[PDB]
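What follows is one structure encoded as structure tokens, with my remarks underneath.
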Amino acid sequence: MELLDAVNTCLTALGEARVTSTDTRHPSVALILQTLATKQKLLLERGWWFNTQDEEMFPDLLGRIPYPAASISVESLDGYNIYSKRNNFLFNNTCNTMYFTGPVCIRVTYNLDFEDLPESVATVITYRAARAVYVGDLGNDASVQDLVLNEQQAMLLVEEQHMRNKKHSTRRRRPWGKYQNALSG
Amino acid sequence: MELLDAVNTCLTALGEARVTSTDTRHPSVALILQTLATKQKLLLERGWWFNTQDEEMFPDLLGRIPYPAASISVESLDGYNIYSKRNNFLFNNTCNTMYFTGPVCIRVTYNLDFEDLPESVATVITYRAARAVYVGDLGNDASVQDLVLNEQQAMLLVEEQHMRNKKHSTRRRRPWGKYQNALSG
Amino acid sequence: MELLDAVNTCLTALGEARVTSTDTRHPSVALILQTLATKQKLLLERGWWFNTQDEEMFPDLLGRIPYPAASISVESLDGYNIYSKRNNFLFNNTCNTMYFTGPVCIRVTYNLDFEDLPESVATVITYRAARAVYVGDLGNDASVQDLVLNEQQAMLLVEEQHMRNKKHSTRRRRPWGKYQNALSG
Amino acid sequence: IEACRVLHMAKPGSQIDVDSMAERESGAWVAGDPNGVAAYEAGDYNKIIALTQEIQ
Amino acid sequence: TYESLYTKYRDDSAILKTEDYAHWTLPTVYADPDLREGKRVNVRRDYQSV
Numbered sequence: 334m335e336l337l338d339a340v341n342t343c344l345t346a347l348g349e350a351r352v353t354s355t356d357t358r359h360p361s362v363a364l365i366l367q368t369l370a371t372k373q374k375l376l377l378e379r380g381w382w383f384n385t386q387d388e389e390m391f392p393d394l395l396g397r398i399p400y401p402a403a404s405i406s407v408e409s410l411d412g413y414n415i416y417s418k419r420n421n422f423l424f425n426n427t428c429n430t431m432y433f434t435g436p437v438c439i440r441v442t443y444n445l446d447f448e449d450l451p452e453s454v455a456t457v458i459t460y461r462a463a464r465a466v467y468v469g470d471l472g473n474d475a476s477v478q479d480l481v482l483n484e485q486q487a488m489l490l491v492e493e494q495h496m497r498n499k500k501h502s503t504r505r506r507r508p509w510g511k512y513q514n515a516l517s518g
Numbered sequence: 334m335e336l337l338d339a340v341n342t343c344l345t346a347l348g349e350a351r352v353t354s355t356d357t358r359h360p361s362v363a364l365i366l367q368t369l370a371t372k373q374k375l376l377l378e379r380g381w382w383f384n385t386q387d388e389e390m391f392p393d394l395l396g397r398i399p400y401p402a403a404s405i406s407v408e409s410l411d412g413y414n415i416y417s418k419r420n421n422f423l424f425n426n427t428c429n430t431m432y433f434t435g436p437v438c439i440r441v442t443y444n445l446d447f448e449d450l451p452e453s454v455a456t457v458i459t460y461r462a463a464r465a466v467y468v469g470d471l472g473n474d475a476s477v478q479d480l481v482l483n484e485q486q487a488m489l490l491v492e493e494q495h496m497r498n499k500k501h502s503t504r505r506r507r508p509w510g511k512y513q514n515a516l517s518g
Numbered sequence: 334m335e336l337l338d339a340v341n342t343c344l345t346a347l348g349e350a351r352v353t354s355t356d357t358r359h360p361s362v363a364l365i366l367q368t369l370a371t372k373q374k375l376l377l378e379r380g381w382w383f384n385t386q387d388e389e390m391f392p393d394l395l396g397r398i399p400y401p402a403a404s405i406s407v408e409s410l411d412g413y414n415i416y417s418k419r420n421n422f423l424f425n426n427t428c429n430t431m432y433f434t435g436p437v438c439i440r441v442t443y444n445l446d447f448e449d450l451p452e453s454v455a456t457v458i459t460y461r462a463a464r465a466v467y468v469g470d471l472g473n474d475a476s477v478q479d480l481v482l483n484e485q486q487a488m489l490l491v492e493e494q495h496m497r498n499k500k501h502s503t504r505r506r507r508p509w510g511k512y513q514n515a516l517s518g
Numbered sequence: 006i007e008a009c010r011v012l013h014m015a016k017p018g019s020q021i022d023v024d025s026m027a028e029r030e031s032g033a034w035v036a037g038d039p040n041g042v043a044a045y046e047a048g049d050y051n052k053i054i055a056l057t058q059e060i061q
Numbered sequence: 005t006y007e008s009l010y011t012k013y014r015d016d017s018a019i020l021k022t023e024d025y026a027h028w029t030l031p032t033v034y035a036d037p038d039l040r041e042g043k044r045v046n047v048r049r050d051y052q053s054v
């Protein structure tokens, strides 16, 4: 879904005329783009089936471990340790220190381009931005009840798709593996 | 159902006069066509009984596997692996790499022409586009309660038809096959 | 029920004067006729007791099987196979191919002339078209509550007639035949 | 003989994923209402119970 | 050349069918002696012991 399509949808929802290029100097386009970017950044924070991976980081000469630039959130995977981002570097919350001793394992959530997002996610982002602009620029009229409804319908499909892709099952737990090993001799 | 019929239906719902050719230079026709295209693309994302097939892809010399141009969504069928689309190429989410080693199996959802769509689907698309245009161009009046009702009635028939065509049964599960094999000697 | 009667009924419901020939150059007649045709095409899609038959098709020299021009929907009857219409030809959805090897069996739903339709079906079509035109041309007034009521009353009779003609029974199931065969010796 | 109809009806107007429910292996997790599909019911058992007593 | 007669007089269909019956009741009574040379080869069991 090209950004121009989302911009035109927002303009049509706001009542103004459609455009042809996202570089047009109309002042509403900048606000639309900023709102779209902010909503996209906020939505993907939790993590989904297409923007979550595990990675390992290594320390520098001093002992400071940097973090990926495109990431949005960090989490630990080493026992009960806690990590957080501070001063453009990882912070060891469990020991109140900034210098590490070796590599660590952490979960990372990445931010992607608007084009690569699935259709369902793009619809949710577009319809959230449209309402955020319309309410702040024209007041709370009776037409927002359609934008909210469209957002909810899109969110249902998003959740269904995410549940379908992950393929959760009860056969992946270790007790089942132990039972199957026992049922062999 | 020709596109001209849908355009004329939308124009009649909006109150303007009917037309004769989809190439007419009236400015509302472009908006109608864009809305129809967007709604058609969104609706078919989940997949139905007429636009779902299984296919196998092969890697290039480097090891990158492209994806069909007409597809809307991709899914994996190899164990518990996860695949996604990124940078006009398939991405291996389970290993955080872009280069594959061999062929893969994936589900694909295709986008078709408006003419080939069944009548029930075309009615739903037309009545969604009509409301999306009317609400954004004239406000939320009392006449949208008929468009929503028509959309719901059409969706019921669409779902009934899809359920009829798929022909789900309890005799296709493997325990029934094992039972029938046992009942033979 | 002649088309002129339906046109005059729609005109009377809309408040305009009656006419004498369907060829009259009044501009509302064209819209009435188009709406009637669209509603008739949509209604008969599911299939009833007077427009459903089974037929067999044969392949061409290349291996492409065309479909009847008057049909509205196609369905398969060979095991668990799935067929659909695409590019003015039948498509084998189960094998992702367009070329067949032999004859096939499929259900077909046909479109008939307005004159041949029963009275109950014609009343439903006329009263649907009348509302579709009145709401879009004059708004949602309090007089549509009579058109909807008439449509519902006609639909009840339509369903009763269809149920009467089909003559469903529990004696047509094969277990009854087996029981009757057993009760003989 | 009427008591030998084995059908499952998908309620209209409910959120469900019929394909996943009908095609996934046993043990999977799916998204949808846990009551969107119900077994066909005609109420013909009481009539059997009644007829048996009169015949007896 | 009694091996020829031994192979001639066998009935493969019965031997292949009688595997399930043993598998449902007592797998160890019907184990093939030609797949082992003095070491354990695992035998699978069923979900029920009736």
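Chains as they are written, first to last, in the numbering used here: chain C, 334 to 518; chain B, 334 to 518; chain R, 334 to 518; chain V, 6 to 61; chain Z, 5 to 54.
For every residue, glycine included, the Cβ atom is placed at its ideal position computed from N, Cα and C.
(request) Just the C-alpha distance for V:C9 and R:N514, rounded to the nearest angstrom, thanks. (result) Between V:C9 and R:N514, the C-alpha separation is close to 18 Å.
(request) Using a Cβ-Cβ cut-off of 9 Å, state whether B:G348 counts as contacting chain R. (result) yes
(request) Any chance you could list the beta strand (DSSP E) runs of at least 3 consecutive residues sitting entirely within the region 381–406 of chain R, in chain order? (result) For the region 381–406 of chain R, whole beta strand (DSSP E) runs of length 3 or above, ordered along the chain, are 385–390.
(request) Write down the C-beta distance between R:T442 and R:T385 rounded to the nearest angstrom, noting that I regard them as a contact closer than 8 Å. (result) 6 Å
(message) By the 8 Å beta-carbon criterion, what residues does the region 482–508 of chain R contribute toward chain V?
(response) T503, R506, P508
(message) Going by DSSP, what residue range makes up the alpha helix (DSSP H) through R:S417?
(response) It is not in any alpha helix (DSSP H) - R:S417 instead sits in the beta strand (DSSP E) that spans 416–419.
(message) Can you confirm whether the region 496–516 of chain B touches the region 407–419 of chain R when touching is taken to mean that 3 or more C-beta pairs between the two stretches lie within less than 8 Å?
(response) yes
(message) Closest to B:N429 by C-alpha separation, out of C:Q373, C:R440, C:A350, would be which residue?
(response) Comparing Cα positions, the closest option is C:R440.
(request) Please confirm whether R:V468 and R:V477 have their CB atoms less than 9 Å apart. (result) yes
(message) Looking at the strands, I want to know which residues DSSP matches up with V:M14.
(response) V:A43
(message) Give me the chain C residues within the contact set of Z:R40, using Cβ-Cβ distance strictly less than 7 Å, ordered along the chain.
(response) Within chain C, no residue comes near Z:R40; the closest Cβ sits about 14 Å away, beyond 7 Å.
(request) Starting from the beta carbon of C:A475, find every residue of chain B whose beta carbon is closer than 9 Å, and list them in chain order. (result) For C:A475, the C-beta contacts it makes with chain B under 9 Å involve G472, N473, in order along the chain.
(request) Under 8 Å between beta-carbons, which chain C residues line up against V:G32? List them in chain order, please. (result) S502, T503, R504
(request) Take B:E378 and list the residues in its own chain whose beta-carbon comes closer than 8 Å to its own, dropping the five residues that flank it on each side. (result) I405, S406, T442
(request) Give the residues from the region 442–468 of chain C that approach chain B closer than 8 Å (Cβ to any Cβ), ordered along the chain. (result) For the region 442–468 of chain C, which is checked against every Cβ of chain B, the residues closer than 8 Å are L445, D449, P451, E452, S453, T456.
(message) Less than 7 Å between C-beta atoms, sequence neighbours within five positions excluded: which residues of the same chain meet that for R:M488?
(response) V457
(message) Taking the alpha carbon of B:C343 as the reference point, which residue from B:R506, B:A455, B:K511, B:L490 has its own alpha carbon closest?
(response) Nearest to B:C343 by alpha-carbon distance, out of B:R506, B:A455, B:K511, B:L490, is B:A455.
(message) Suppose contacts are defined by Cβ-Cβ distances below 9 Å. Is C:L364 in contact with C:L471 by that definition?
(response) no
(message) 9 Å is my cut-off, CB to CB: does R:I365 come that close to chain B?
(response) no
(message) Can you pull the chain Z neighbours of C:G518, defined as C-beta to C-beta under 9 Å?
(response) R44, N46, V47, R48, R49
(request) Determine the contact status of V:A27 and C:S502, defining contact as a CB-CB distance below 9 Å. (result) Judged by their CB atoms, V:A27 and C:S502 are not nearer to each other than the 9 Å cut-off.
(request) Return the first residue and the last residue of the beta strand (DSSP E) that R:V352 is part of. (result) From DSSP, R:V352 is part of no beta strand (DSSP E); its letter is neither H nor E.
(request) Taking C:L423 as part of the beta strand (DSSP E), name the residues at either end of that continuous run. (result) 422–425
(message) Comparing C-alpha positions only, which one of R:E335, R:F433, R:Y460, R:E492 sits nearest to R:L394?
(response) For R:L394, the nearest C-alpha among the options comes from R:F433.
(message) Could you compute how far the alpha carbon of B:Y460 sits from the alpha carbon of C:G510?
(response) 52 Å
(request) Go to C:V468, then tell me how far its alpha helix (DSSP H) extends in each direction, as first and last residue. (result) 452–471
(request) Go through the region 352–380 of chain R residue by residue and report every complete run of the alpha helix (DSSP H) that reaches 4 residues or more, in order. (result) 360–376
(request) Specify, as a first and last residue, the run of the beta strand (DSSP E) that R:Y443 falls within. (result) 437–443
(message) Assuming V:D38 is part of the alpha helix (DSSP H), what are its boundary residues?
(response) Looking at the DSSP string, V:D38 is not in any alpha helix (DSSP H), and its letter there is neither H nor E.
(message) Checking 9 Å against the spacing of the C-beta atoms, do Z:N46 and C:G518 come in under that value?
(response) Contact flag set, yes.
(request) Pick helix, strand or coil for B:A475, following the three-state DSSP scheme. (result) Note: B:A475 maps to coil in three-state DSSP.
(message) Does chain C have any CB closer than 9 Å to the CB of B:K374?
(response) yes
(request) Tell me whether R:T430 sits in a helix, a strand or coil according to DSSP, three-state version. (result) Correct three-state label for R:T430: strand.
(request) Please check if any C-beta of chain C sits within less than 9 Å of the C-beta of V:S25. (result) yes
(message) Comparing C-alpha positions only, which one of B:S354, B:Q494, B:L482 sits nearest to B:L450?
(response) B:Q494
(request) Taking only beta-carbon positions, decide if B:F424 is within less than 9 Å of chain R. (result) no
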